[PDB]
Each structure stands twice: as C-alpha cells, then as structure tokens.
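Report on the following structure.
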Amino acid sequence: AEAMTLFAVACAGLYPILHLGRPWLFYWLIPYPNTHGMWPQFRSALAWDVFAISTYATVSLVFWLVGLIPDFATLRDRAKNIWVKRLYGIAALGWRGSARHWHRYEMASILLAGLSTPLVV
Amino acid sequence: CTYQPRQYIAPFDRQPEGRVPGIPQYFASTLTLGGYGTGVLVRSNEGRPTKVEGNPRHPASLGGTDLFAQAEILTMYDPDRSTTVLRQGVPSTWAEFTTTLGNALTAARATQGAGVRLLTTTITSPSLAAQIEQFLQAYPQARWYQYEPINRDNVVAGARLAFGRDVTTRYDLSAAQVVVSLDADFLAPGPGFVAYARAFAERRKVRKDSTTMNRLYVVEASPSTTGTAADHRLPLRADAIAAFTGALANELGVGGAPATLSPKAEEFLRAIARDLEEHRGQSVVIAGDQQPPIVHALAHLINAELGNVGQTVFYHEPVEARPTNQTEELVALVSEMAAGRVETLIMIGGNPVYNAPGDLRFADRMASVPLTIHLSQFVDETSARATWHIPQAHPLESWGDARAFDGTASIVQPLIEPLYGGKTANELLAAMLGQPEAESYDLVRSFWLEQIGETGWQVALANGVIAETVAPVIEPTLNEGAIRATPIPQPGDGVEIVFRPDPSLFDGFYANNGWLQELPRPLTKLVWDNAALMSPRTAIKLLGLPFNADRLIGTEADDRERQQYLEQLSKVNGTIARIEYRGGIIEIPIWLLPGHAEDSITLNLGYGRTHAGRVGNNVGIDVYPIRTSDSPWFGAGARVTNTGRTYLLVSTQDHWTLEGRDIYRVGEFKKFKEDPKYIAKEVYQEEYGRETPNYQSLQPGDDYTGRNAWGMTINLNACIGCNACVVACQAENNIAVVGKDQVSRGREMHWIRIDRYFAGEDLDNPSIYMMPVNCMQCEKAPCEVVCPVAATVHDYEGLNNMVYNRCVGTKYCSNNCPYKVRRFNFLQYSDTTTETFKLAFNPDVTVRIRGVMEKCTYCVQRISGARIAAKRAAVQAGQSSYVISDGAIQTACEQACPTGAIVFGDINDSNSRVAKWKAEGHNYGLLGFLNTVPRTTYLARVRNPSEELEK
Amino acid sequence: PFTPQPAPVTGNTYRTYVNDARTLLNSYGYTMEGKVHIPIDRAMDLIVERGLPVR
Amino acid sequence: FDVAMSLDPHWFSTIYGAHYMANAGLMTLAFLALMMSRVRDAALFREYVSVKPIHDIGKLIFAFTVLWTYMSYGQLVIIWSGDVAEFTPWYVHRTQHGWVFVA
Amino acid sequence: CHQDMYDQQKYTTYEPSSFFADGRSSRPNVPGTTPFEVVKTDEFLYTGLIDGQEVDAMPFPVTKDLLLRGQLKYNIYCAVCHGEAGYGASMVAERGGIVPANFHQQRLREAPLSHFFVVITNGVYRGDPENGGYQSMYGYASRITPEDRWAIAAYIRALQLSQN
Amino acid sequence: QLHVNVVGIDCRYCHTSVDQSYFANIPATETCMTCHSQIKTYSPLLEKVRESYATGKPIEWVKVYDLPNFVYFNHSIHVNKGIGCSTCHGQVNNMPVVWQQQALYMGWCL
Ligand SMILES: CCCCCCCCCCCCCCCC(=O)OC[C@H](COP(=O)(O)OCCN)OC(=O)CCCCCCCCCCCCC
Ligand code: HEC
Ligand code: HEC
Ligand code: HEC
Ligand code: HEC
Ligand code: SF4
Ligand code: SF4
Ligand code: SF4
Ligand code: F3S
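Just so you know, the sequences run in chain order C, B, G, F, E and A. Under PDB author numbering, the first residue of the first sequence is numbered 123, with each subsequent residue one higher. Under PDB author numbering, the first residue of the second sequence is numbered 76, with each subsequent residue one higher. Under PDB author numbering, the first residue of the third sequence is numbered 57, with each subsequent residue one higher. Under PDB author numbering, the first residue of the fourth sequence is numbered 207, with each subsequent residue one higher. Under PDB author numbering, the first residue of the fifth sequence is numbered 26, with each subsequent residue one higher. Under PDB author numbering, the first residue of the sixth sequence is numbered 56, with each subsequent residue one higher.
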C-alpha cells in the first residue's frame, strides 16, 4: 500500500507541471533566490499545493525506506551472490538488528506515523 | 551561452526634420466606406500607420469612428495586396501599359471614343470628377457608368419624384423629439452614421436634471442595431413597409392609400400618427435606401405636412458628383458588351464580376470586350479575368480628396510611400488624358491650388477639413401630383428574401481582413460564416422542424420554462436549406434569429469570394447570383426546402437569454423622473426584502482617497452594439486573430465583448439588449488572490496589473473571475512569420507568446504616457503638482464609440465626467453580491414608452 | 571580466579653450580692437531692455 | 441545523453539524476522563484496568482537539478567502463588539 | 533560458527591417505632408525670406527665457567647432584646420537676423557647380526646431553686443 | 573618449532625444559627416561612414545596453528628475569602447 502511495504521488506530481502552460517555469512557485526579488503569493492555494505535495512525497519516501532497512538486512544475508550483496547491504546500512537499535526504531516509527496522519489529511 | 542575441541597431542617414525619435505623430486623412469621406486622425509610430482615430473637427467623425475605418490598418498590411502590374496574369511594367493605353486611345480617336467606356463606384472626389469630365470632353462618346453593390439609387429616385431634382437629405437628430424609421438603419454604418449616432445618443442619455428623452419607432424585416435602440419595434415584412407608409400618410391626412394590415401593425400606425401632430417640427421620418422610391417620396411629403422641413430635415445640393441610378447604368453597359459595341472598358475598383447581379452575367459579357483594365488594390476575381491589371495605392499610402455626406472636401494625406508602388485613380485618369508619369501629389495640389489657394492648402492639411467647401442649403418644391399618382405595390407573393450588407464584411471588400471576419456579428454572434436568418416560426413551417413555437409565448410566471424551450429550439441551427429564388439555388445553412419577421429570410452579401486572400479565401455562400437587377433588396417567392445535412456554424455567445439574473436593468422614463434610484430600489425588494442590500466584506482593500483612481462608466441607453470598440481594442492592444476552429473550441481572444440577451415575453418578438463587457478592475479582485506567482497584482491607482512575463500559465485566475473576461494563449496565435503583420503591431504593447493570460488593461500604455508627461511638466515648472487633465487620457474603446457610451476618467476628482456619471441614481456594478467592488460600472437603461402602444 | 581601465587622454584637450572663453565671457575687460567687454547675462538683459525689431 | 443554524436563516454552512459532532466528541471524552478519576477505585476498576486504557483515552482527546480545530479553521479559511456577501455576516458578528477577544 | 518575449515580433524605433530595401523599419518623411494642427502658413518662422531677401527682423519679440533657451542651444550645438564666446577658437579647428567664422567681425555685425537663420538652416554656401565645391557650415535644419533656431540668432546678437 | 574628453562635444549633440522621449537618438550619418567632410577625410577607418551618406544604407551598431522588450524604459522622466548617465551608465566620457557597466537586473532598477 505504501509503495502504491509513492507511485501514485509520483504520477500525480507530473500534472502540476504538465498543465502549467509554460511547464519549464514550474520553479517560480517555489521560494528561490533570484535577482528579480520576486516571491510566490503564498495566499493562493496552488502555493500551498507545492508545499503539501513536496512534503508528502519526501515524508512517504523516508518512512518507506526506514521500514525497508530491516528487510534489506534479511535480503543481503540470503542474497547468495557477492555483487547482489553490498547493494542491499549499503541500503541496510549495517542494520545488525539488536536491542538499543529496535528501541529507537520503534519510537521513531511511532513518531513518523504520528506526523504523517495530520500530513495526509 | 549568453542572455540575449547581438540585437544590432540601425539608425538614419538623414534625420527627418519634424520627427523626434520614439514620439508618435498624428496626421489628418480621409477614409471612405460608400464613397463618402469620413475624416480620420492616424498615429504614425515611426513613419508607418498603426492606429486610426477620429477627427474632432470633421463633421460625421467627431472623435467617433466606424469599425470599417478602424480595421483599415490590417487591410493596408494584408500580405495578399497586389504588388506588380499583370498583363494577362504575367508580371509586366507600368511603362508598357502606358504605351499600350496610349496606342489604344489613339486608335480610338478615329471615332469619338465610342468604344472607350468607364466603370467606377460612387465617386465624390472633386479632383477625380473634374478629370473624368475633362476626359469625357476629350472623347465625346465615352460614358462614365458608375456602379457599386451598396448604393443610394432609391434615394435619388425618390428625390427626383418628390422634387423633380436630385437633392441631399440631411437629418438633424438633435432637435427631433420623435424619430420614425421605415426599414432605415441610421444607427448602422453608412453615410452620416457617426454624426447621427452621436446626436441621437446625446438625447437618450438621461440624468436626474434631464426632463426630456427622444422616442424611436422602427418598422423592419430584419432586427438591426437601429431596432435595438428603439422604444417600439414592429417586425413587418420588407414588402409591406411601402403599404405601411401609404397608410401612415392617409391617417395623417396627406396623400396616400389605405392598406389592409395586421391588428398589431394598425395599433403601431395609430401610435406613430398620435405621437406626430403632437411634435410638429420636433419629428423626423427616415426611409431606408433598401425601401422603394415611393417610400422616400412619401417620407418627404409627410415631413412637409408636419412642417419638419427646415427644423429636423434639411435639403442640400447633391454631394455625390453626378447622382444616377447605378443598377440601370450597369444594365446598359452589360447590353453594350453583349452587342460588342464596347472595345475598351476601364474599371476603377468595385469588383464588378463578383458584385454584379447574377442575371446580368457580367463575366461572360466581359470576355467579348477585347481589352478590360482594372485598378483594384488586390488581384480580385474581375482582375483575374481582366487584361492589364494595375495595383491601386491604399488610401493611407495615397494622395487624394473626398467629400462627406454634408459636403466637406477633406484631403487624404499619405502616411507612408506606397509599399508595393501602385497607381492612384487620378494618376490612371492622367495617363488617359495624355499626361503619363504624373505624380498624385501634383494632380490633387494643382486642382486645389487657385480654388482654396496655397494658404488654404496648408490649413487644409493641418486640419482634417476644407472650411470653404460645404453643400449649399436649397429649398426644393414638392410635386403633390407625382407622389400621389404612384402604384405603391402591395406585398405578398410567398416566402420573401431580404438582401442586407454584412455588418462586418460590408460588400465583401473586407472579407480578407482578419479582424472583421473574426468579429462576432451584432445580434447573431456568428463568426467566419454566412447563414440564412429566419424567425423560429418561419423555420418550423419551412424546414418541418418538430416544435410548437407557441410554447415560447407566455407570461413572466413561466419565463424560465420558455427560456429553456428556446435553448431546445436552438441546436437546429446549421441545417442546410436549399432555397430557389429565380432559377438560382443557394444551399445555405440556417441560423435562427428570434426578432426576424415571419415568412422572411435575410441573406448577407460579401461571402463566397474565390480570389480573396488566404484569410477568407472560401468562407460562407455567395448570395450575389440569386440577387436580381429588377428587385435588388427584396424577394417574392422562395421554395426553402430542407436538405438536412447540418453544417457547423460557430457563434461566440452560445446562450441567447439571461436566466432570471440582474445583469441588465431596464426602467421607464416617467418613473425615472420621479426617482432616479427607483430601478435600484426595486429588484433588492424582490431579492432581500429591503431597498438597500447590506453587503458585508471581511477584506479591507486600499483607501485610494488622495491618489488618481481610474474608472470607466458604460451607458446602456447609448450603446447600439456597433462593435467598433472591439476592433479598436484589437488594433491598440495587438490582440491575435484565432482561426474558426479555435473559436469553435471557445478560445477566441477578445478583451471587450458585447452580449445580446434577447430577453422578453413571447420570445418570437423579443427585446434585444446589448451590453459591452470588459475587465471591471475590481478593487478586491478574486483573480489576484488565486495567482501563485503573483503575475496579477493591484496598482497604487487601483488598476489590476497583469504581467505576461510573470504568468506561468496555471489558468486558476480565469476560473475565479466572475465575469470570465480573461483570455489565455492556449496555442501560438500571434503571427511571427509575416513581415507586414509585424509592421502593424503597436510598439507600446507587448506581443504575447503561448502560455500567458491576457485581460483588459484600461489601455495602460496611454495612462503611463500621460503620467510620465504630467510628472515631466511638473518638474520643469518646479511645481511638483503631477496633475493629469480629465480629457488627457482617452481609452481606444472610448474614442472609437460613435454614441459616446464609454467614459474613462479619475473617480476621485469630483469634477470629472466619470465622477459625475457615477453619482447618478441608476449607476450600478455587475454581480454586487460578490464583494469585488468593480470600478467599471453601468448606467441602467431608461426607456420612453408611448402610453398608446404600451398601456 | 574586470572593469577596463582606459588610458588617460593626452596633454592637449578642449578644457583650456572652454575655461578661457568662460572666464572671458564675464568680468568685463578690454578687447584689443574695441573698447570694452560686457559680462554674459548683462548683455542678454540689455538685449531684452532695448529689444529687437519684430516682423 | 434545526436547533442552531436556523437561528439566522440567511446563513448556512455544510460543515456545520460535523463541527458539532467533533465538539460533542471532545466534550464527552473530557467528561469520561473526569469520571474515571472519580471511579479509579471501584474494585472492578482495580483488578481489571491498566495505564493503557487511560493512555488511549488521552490520545483520543488529543486527536479530537486537533480535529475540532481543523474543522473550525477549514470553515474560516473557505468563508474568509471566498469573500461572498452571503457567508460573510456570521464571521462579522463573531468578530465585533468584543467577540474577537473570545475567538 | 527562455528567450520568450526578449525579442518580440514588433518593430521598435531603430530595429532593422528586411522588408524594406534600405534595411530600416524607420521611414523618411513623405514630401508635402504636414502633422495634425501644425500649420506652416507663417513664412518668417520657417524661412528668413519675405521676398527672397533678408529682413534684419525677428518673428516674435525677444524674451529673457527665449535668450536662455538660445544660450543653451548654442552651447550644445553651436559652441563646439565655433567657440563658446563666438571667436571661432575651438578644439575642432586645431585638429583639422576648420577655420570657422568669427561672429565679432564687422561683416556679421551688419548681417541680418534672418541671415543667421538661413545659415543655421542651410549652411554657409553650397559648392559651386564648376571647379568643385564643398559645404563648410553644412547646416543644422533637422536637429534644431525653427523657434530654437531664432533663439540662437537672438543669442548671437547678445554675444555680439557683449563685446561692445 | 576622443570626441567627448578631447574634442569636447556635448552628449545632446549626438543623443539629441534623450531629454524629450524614451529613446536616446543614436546619431545619424549626417551628424558624423558635419565634421568628417573636412576632418580626417580620405581615412581608411572612416570608409564605412563615407560608404554611408552616399547610399542610403545605415551603419549597423551593436546594442550594448539591451532590454528584453517588456521593460519599457524612459530616459526623459529619469534625466528630468535629476539622474545622469554616470550613476546610470558609467564614465562614457572616458570610454574608447563602450561596455555595460552593470547588468540591468529588475533588482537594480527597484
Ligand atoms: C461525537 C461522537 C463520535 C462520532 C464519530 C462518527 C464517525 C466515526 C467513523 C468511524 C468509521 C469506522 C468504520 C468501520 C471500520 C471497521 O470495520 O472496524 C474494523 C477495525 C478492526 O477491528 P476488527 O478486527 O475487525 O474486530 C474488532 C472486534 N474484535 O477497527 C477499526 O476501526 C480499524 C479499521 C480502520 C478504520 C477505518 C475508518 C477511518 C475513517 C476515516 C474517514 C474520516 C472522515 C473525516
Ligand atoms: C556624453 C558623455 C555621452 C554619453 C553619456 C553617451 N554618448 Fe554616445 N554614442 C555615439 C555613437 C555614434 C554611439 C554608437 C557607437 C558605439 O556605441 O560605440 C554611441 C553610443 C553610446 C552609448 C551606448 C549605446 C548602446 O546601445 O548602449 C551610450 C550609453 C552613450 N553613447 C552615451 C555618439 C556620441 C557622440 C558623437 C556624436 C557623443 C559626443 C556622444 N555619443 C556622447 C555621449
Ligand atoms: C559620427 C557619430 C562620428 C563618427 C562615427 C566619428 N566622428 Fe569624429 N572626429 C572629430 C575630430 C576633431 C577627430 C580627430 C581629428 C584628428 O584625429 O586629427 C575625430 C576623429 C574621429 C575618428 C578617428 C579618425 C582617426 O583617428 O584618424 C573617428 C573614427 C571618428 N571621428 C568617427 C570631430 C568630430 C565631430 C565634431 C566636428 C563630430 C560630430 C564627429 N567627429 C562625429 C563622428
Ligand atoms: C563645425 C562643424 C561648425 C559648427 C558646429 C558650427 N559652425 Fe558655423 N561655421 C562653420 C564653418 C567652417 C564656417 C565658415 C564657412 C566658410 O566658408 O568660411 C561657419 C560659419 C558660420 C557663420 C557665418 C556664415 C556666413 O555666411 O558668413 C555663422 C553665422 C555660423 N557659422 C553660425 C553657426 C551657428 C549658429 C552654429 C550652431 C548651430 C554653428 N555655426 C556651428 C562650422 C561650424
Ligand atoms: C537610468 C539608469 C539612465 C539614465 C539616467 C540614462 N541612461 Fe541611457 N540607458 C539606460 C538604460 C536602462 C538603457 C537601455 C534602453 C533599452 O531599451 O534597452 C539606456 C540606453 C541608452 C542608449 C541606447 C539607445 C537607446 O536605448 O535609446 C543611449 C545612447 C543612452 N542610454 C544614452 C544616455 C544618455 C546620453 C543619457 C544622458 C546622460 C542617459 N543614457 C541617461 C539607462 C539610463
Ligand atoms: S473583472 Fe475579472 S479579471 Fe478583471 S479584476 Fe475583476 S476578477 Fe479580475
Ligand atoms: S480600455 Fe483599452 S484594453 Fe480595455 S477594452 Fe477599452 S480599448 Fe480594450
Ligand atoms: S460601446 Fe462599443 S458596441 Fe456599444 S455603441 Fe460604443 S463602440 Fe458600439
Ligand atoms: S493564475 Fe496566474 S499564473 Fe497566469 S494564468 Fe492566471 S495570471
């Protein structure tokens, strides 16, 4: 389900740029240092859309990767090929699942889940 | 890579003496629509014409201009204008033509010029008339033979029946409290249109102080702009108008004939007659050019009985050179061509093969003539079949003279040397007179010098008028016996056909022009197409459409149901009907016109050209072949069978009624005199139960108390739906012309639009309402709040600012605009590959690219120029005042309007005209329930109904 | 791209002529061929006082 | 809608009623917590209870407080941003004559 | 790097044009054409000649502001290549041997005002048809407005008085 | 540098429309020839100029200060309001070859 969320957000993120009429000027909505001194309005709802979709995509990706880190550790152990290993292993970041790693992991997952529920609404 | 290309700059080698670089100049010139000159002031950005305006000192063009004069800029820059002399379609030289012409004329000197024939249009230029008279003196047997499709033959025929002499009738609408129009469009483009429109509008404009308003009664076959601005309108059949005029004379007691008529027509006759005799010397009767000569003779007789002559109607010596029956002269020429008597035919414009009636068969008879020479300014259908085609200089690039309907003798001044060369009509006449290589400037100057003098010539160029020349007032004698002893033909022979000049294309000369073809036609809103116009009842009976047509009739209680039925009655628009008139079948698609007369069809001339330029190359169906010489404006019998095969017709509005909403406010004059705010006090009682709506806003806005504030007031009573303002905006703001397919997809780009609401009881005889809509410059603007990149933000003055460079193209602003006045460049509409179109674009306004929104900018370029000029003057004086005059800034739409409905000025300055108009009791803003607080406001329409017809 | 430093102008320039003429235009003086100078803005005031022929 | 929204017939809000349900939910949850402190000793609330139910009710109260704020802010932004005369009076009445201080 | 509306299709003041033969979108003045409300009836204002002869008269009375405007115009255009004082001592004469005329010579003292107007409008003298000839003064008709040209003549009169 | 600092010619002698319109008039070949008809005639580096004024062809200068045709600058109001082409352009009096002193950014104008 979370993979579906990431891929659906990836699909839906194209439309704000595609429908834009001048699609290569999408960066204007984002605050960015420019010689003009111009700013986004921040009172329209498309400026809010830029912050909501971008925050939603990044938070979903980090939460999904944090969940995958223990799974990557099982895959690297069962990979059975030296090159297949070290690809899951770098993603695993030497997980070495242990107490004092699980305790922080469980608390972080609860906090990320708590932050995500207001975010998606 | 670098920010931009080298952008080389090329300067002059010798500076023009009177020119300051970057400062536009204005020059006075004359533009003729029917051969009658209208004075115009044209802006020359850098020696190239770019914007046509009106000449305040020219009679018939006091600031106001018609759409045809406005759209002449794009005509002068058409990429399809003739560039070289063609012998038989092969390029040639002017010198070779001069040699051939000389040889042909010396070969015709054995006879007295019996073969040499001419064929011009209505010529009013004194220089050309004098040269033609001299040529006729040199060749005794030559003939002039004027002709043009839209002519005034019936007017001169009626004059020669009533007075036994050609006179020029002028109407002073300022002193006429009652005006009656017998199938006459005086508010539609024609001779004296701007002057008549301004005088009529001034009387209609009503304030709290005003105690008197003019009343218009119009009887017509097809609803028109004159019909829209009428307190009472009767849709009589076109043939029946002559009988109606005879009945009106009989009840007044002047010579005429009693005619059987419908009860509604009889009630209209009683009201007109009763209003007359109560306004003797305060009334005028106007008869349309289309109407037969007897109607004109009766109109002169009625005016004489009421004593109106010398007060509202004035007679002058004829201003159109030699007045003549043009259709009869063309019939004489075609018979001579069939006989083979003619050996040489020279035609100055007029597109005779396409313009001439189908029965004449001019093209077949043109082949018999050994040599035919045409000066057209374009390679027209006649030029294609004519030897020795010669390019004609456009009026903007040519030296010339013209006379107005009153008689003015204004001088045409070239703003640019001819782009593709070409010869003026006077230069062609000179070569015939035996002087080749004669400059146009010398020919016109030599005639004018010694008549007005060298000093007069200098004053005439500086102003737009020649003070010395005017038509002398004459008193003609009315022949009672001749007018009384006339047939007065009775109406009724089956379905009738009415031929009317197209509102945007005229006679089809302007078919190539993109702006006019893209312009929505007033009262039908069609674009790029010609359709047969019929009443809903006429369509049901003739085409067998399955609708009752009595469902539309009803009271206010079922009004919403009847409006829905009219939408269902629509969607039958575009069905092709095969119409047989006199051996000719048109196969034209049909568009339903609610106000049209029953058993009548209107067909517009100017469509179906085959040799026109790439724009309008093959648009619409030609009506010229069915048209006949004996009955040019009327038809007796039409089969009108239905062939199905529906063809798409594109209209901009797509809705014909207001759905029970307060968009247009209409009130009586008598109630208005008692209380100006009565219209506003009402409506709010029905909607909220209280006289005043207590609108509340959560948003502060800006004070604007001590700064210039820009606002516009549009008067509904004054507007006639001419559409001149839409053309003026397109020229001034470089708006693009989208194709018919883009208009079909509803992507037309127009900053100003006029809406016809057709809202009335019955709906078979509805009251047309025309309202001009442009950005309201709302102090609190919804479009600005929804813009993510801040492309749309407000201004210190109060103007909404749309920055094309900032716009990223989201399109959210158009969705949140209540009036939907914002237009988006979905595709690259602007033309980048055409050099002539690039010259036409105004430098002050940017040419938008694809992906940017556009909206009315209150002509910001004019406001910015005035602000810079006021600041510069203040600093030089040392005052630091920065004061801008009330008349300093005029928007292009405001200058273009002939009526004067649009007023633009500071709102804060209480002495400005806009401030005084906005203090009127009937001023209001559209959609007040939305707290937008618009600056563009409207004045509610006030009518003047007669108690006879109304009560 | 550093802002260019153009080489200075030569010894002889227009400033000497303009300065000498501007000094001469006022402070009265005695011209060689004639008698007396008049400061600029004083001769202009004299020209308006006596005026010039019109038409 | 009948008891409260009908006091001023001129104004209507679609979110109204859902906001009352959130308000009712917060009031009842707060009431349940007050009662639980009073009945903490009751024998069946001694051998059959743990910190986990109390913690869950505290999380529910926090969720209801944020949910009520979201519904109230959502109504305010829609009415304030869409400045239509029909919906503007309710906010005008609640921001005038000292009502702004209560807000 | 969009380059979107950076160079638009419209023709600006001095933008070169390939449509015209001489490569200039800016066009020369059509001969015999007068701007709106600009009457050319007064001969004195546009030509110092009344009957083909000089007049030693000035079309409008001398004003202090008129003389100040004449001084400004003289300093901008006339002062270079003729001297700020009117003695012909200028840096242009040194580099080229121009030898400009001296205002304070007796001949120019008795010259009419309309003679000065003619000189500013056209030049000292067009070259002789025979044996060659070159225009020295070379004229300033297009650059300077007639009223400004008269102001310059009045300032020249003031300068001539200044050294007397 | 030669014409202004050495020869001593005013700015308005060449750029004559600077204080009256939005455009500073680039000199015509007529103004070039009023001195060089006699001064430095028969010079290979004034050949192009002499190529003009005989034929109508212009001299194609390269625009140094260029704005992207949606900016609509005006020299008239600026100059009249107490601003000169030194805090606005640079020491052009001492410029053998004119260079852009600063990039015309939106922020610079603001
Ligand atoms: C002011 C008073 C409060 C009024 C509240 C009104 C609104 C309440 C809405 C509640 C919707 C619940 C839908 C039913 C979900 C369901 O079927 O429950 C299943 C579960 C799992 O329990 P198990 O294993 O099946 O058996 C339990 C007994 N042994 O319980 C759950 O609630 C979790 C399922 C996921 C919740 C779905 C509802 C989310 C609503 C989101 C939309 C909110 C709109 C604002
Ligand atoms: C008085 C010191 C000035 C100032 C401030 C400027 N000019 Fe000139 N100028 C002249 C010519 C023929 C050109 C074009 C050739 C070239 O650019 O080398 C210029 C150019 C400029 C520019 C740049 C133009 C651009 O497109 O950016 C500028 C900013 C400028 N000038 C300012 C001619 C003359 C001239 C002789 C007739 C004299 C004197 C001046 N200019 C003086 C000045
Ligand atoms: C019109 C914009 C121009 C152009 C393109 C040039 N000048 Fe002049 N110029 C003047 C003087 C007194 C000199 C120096 C005389 C000398 O060196 O002996 C010049 C010099 C030049 C040059 C250099 C030529 C060389 O080095 O041999 C060039 C390329 C040049 N000019 C171009 C005087 C004037 C003058 C007032 C009389 C005006 C106006 C111009 N020049 C105008 C132009
Ligand atoms: C260098 C290009 C000059 C400029 C700048 C001005 N003048 Fe000139 N002027 C110039 C020359 C080389 C001459 C003498 C020509 C000759 O054949 O000797 C002149 C002469 C005059 C005269 C005398 C005319 C006469 O017929 O005697 C006058 C009155 C005069 N110049 C006035 C004048 C004014 C008003 C100027 C500013 C607009 C001006 N000169 C500039 C060369 C140059
Ligand atoms: C404000 C900073 C100034 C001032 C006070 C002056 N110049 Fe001008 N100048 C300036 C800009 C931003 C531009 C670019 C215009 C454009 O369309 O891109 C220019 C341009 C010129 C030019 C080129 C010709 C033209 O653009 O019209 C010339 C020549 C020029 N400037 C000269 C000039 C002179 C003589 C001034 C009087 C001291 C002057 N500038 C003032 C910016 C500014
Ligand atoms: S009329 Fe439309 S585009 Fe114009 S200010 Fe109002 S909301 Fe904006
Ligand atoms: S004010 Fe200008 S931009 Fe607006 S509608 Fe009128 S002409 Fe068009
Ligand atoms: S507002 Fe426009 S359409 Fe109406 S009368 Fe004036 S110009 Fe014609
Ligand atoms: S929302 Fe804004 S981005 Fe453009 S299309 Fe409208 S001005």
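Beta carbons are placed, not taken as given, at the ideal position from N, Cα and C, and that holds for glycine.
- Beyond the five residues adjoining it in sequence on each side, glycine 330 of chain B comes within less than 7 angstroms, by CB distance, of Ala324, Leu376, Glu555, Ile558 and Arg559 in the same chain, given in chain order.
- Within chain G, the residues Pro60 and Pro62 have their CB atoms less than 9 angstroms from the CB of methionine 150 of chain A, given in chain order.
- With contacts defined as CB atoms closer than 9 angstroms, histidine 133 of chain A and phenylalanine 78 of chain A fail to qualify as a contacting pair.
- Within chain B, the residues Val95, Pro96, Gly97 and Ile98 have their CB atoms less than 8 angstroms from the CB of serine 76 of chain A, given in chain order.
- Distances between the C-beta of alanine 228 of chain F and the heavy atoms of ligand 1 include at least one below 8 angstroms.
- The beta carbon of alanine 362 of chain B sits closer than 7 angstroms to the beta carbons of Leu257, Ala259, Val370, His371 and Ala374 from its chain, once the five residues preceding and following it are set aside; these are given in chain order.
- B:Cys858 is the residue among B:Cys858, B:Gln965 and B:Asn880 whose C-alpha sits nearest the C-alpha of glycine 288 of chain F.
- With a contact defined as Cβ atoms closer than 8 angstroms, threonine 195 of chain B and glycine 425 of chain B qualify at about 7 angstroms.
- Listed as beta-bridge partners of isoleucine 665 of chain B by DSSP are B:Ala607.
- Burial is judged here by how many other beta carbons sit within 10 angstroms of a residue's own beta carbon; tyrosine 254 of chain F has fewer than 16 and is exposed.
- Counting the other CB atoms within 10 Å of its CB gives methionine 846 of chain B a total of 16 or more, which places it among the buried residues.
- Taken residue by residue, none of the region 108-142 of chain E has a beta-carbon sitting less than 9 angstroms from a beta-carbon on chain B.
- In this structure, C:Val184 is the residue among C:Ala230, C:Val184, C:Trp146 and C:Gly236 with its C-alpha nearest to the C-alpha of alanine 213 of chain C.
- As a beta-bridge residue in DSSP terms, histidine 464 of chain B pairs with B:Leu161.
- Distance from the CA atom of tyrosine 39 of chain E to the CA atom of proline 918 of chain B, rounded to whole angstroms, is 11 angstroms.
- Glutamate 929 of chain B has B:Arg898 as its beta-bridge partners, per DSSP.
- Your pair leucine 203 of chain B and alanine 500 of chain B checks out as a contact, with CB atoms roughly 6 angstroms apart and the cut at 8 angstroms.
- With a 10 Å radius around the Cβ and a threshold of 16 neighbouring Cβ atoms, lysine 258 of chain F comes out exposed.
- Listed in chain order, the non-local C-beta contacts of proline 266 of chain B below 7 angstroms within the same chain comprise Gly109, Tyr111 and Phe480, local neighbours out to five positions each way being set aside.
- Not one heavy atom of ligand 2 lies closer than 8 angstroms to the C-beta of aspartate 29 of chain E.
- When Cβ-Cβ separations below 9 angstroms define contact, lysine 35 of chain E makes contact with chain A.
- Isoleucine 651 of chain B is positioned such that its CB atom lies closer than 9 angstroms to that of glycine 719 of chain B.
- The region 485-494 of chain B makes no contact with the region 272-280 of chain B, as fewer than three CB pairs between them are under 8 angstroms.
- For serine 92 of chain A, the closest Cβ of chain E is nearer than 9 angstroms.
- Judged by beta-carbon spacing, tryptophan 463 of chain B lies beyond the 9 angstroms limit of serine 515 of chain B, meaning their Cβ atoms are not closer than that value.
- With respect to the C-alpha of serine 726 of chain B, the residue from B:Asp906, B:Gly781, B:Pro595 and B:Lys930 having the closest C-alpha is B:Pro595.
- When Cβ pairs closer than 8 angstroms are counted between the two stretches, the region 1001-1014 of chain B is seen not to touch the region 800-810 of chain B, the count staying below three.
- Using a CB distance cut-off of 9 angstroms, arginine 81 of chain B counts as an interface residue toward chain A.
- Counting along the chain, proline 295 of chain F sits inside the alpha helix (DSSP H) bounded by residues 294-300.
- With the criterion set as a beta carbon lying under 7 angstroms from some beta carbon of chain F, the members of the region 973-1007 of chain B are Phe1004, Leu1005 and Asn1006, in sequence order.
- For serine 166 of chain C, the residues of chain B that pass the 8 angstroms Cβ criterion are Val860, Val861, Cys862, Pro863 and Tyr887, in the order they occur in the chain.
- With respect to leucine 180 of chain B, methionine 507 of chain B sits close: the two C-beta atoms are nearer than 9 angstroms.
- At a cut-off of 9 angstroms between beta carbons, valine 812 of chain B makes no contact with chain A.
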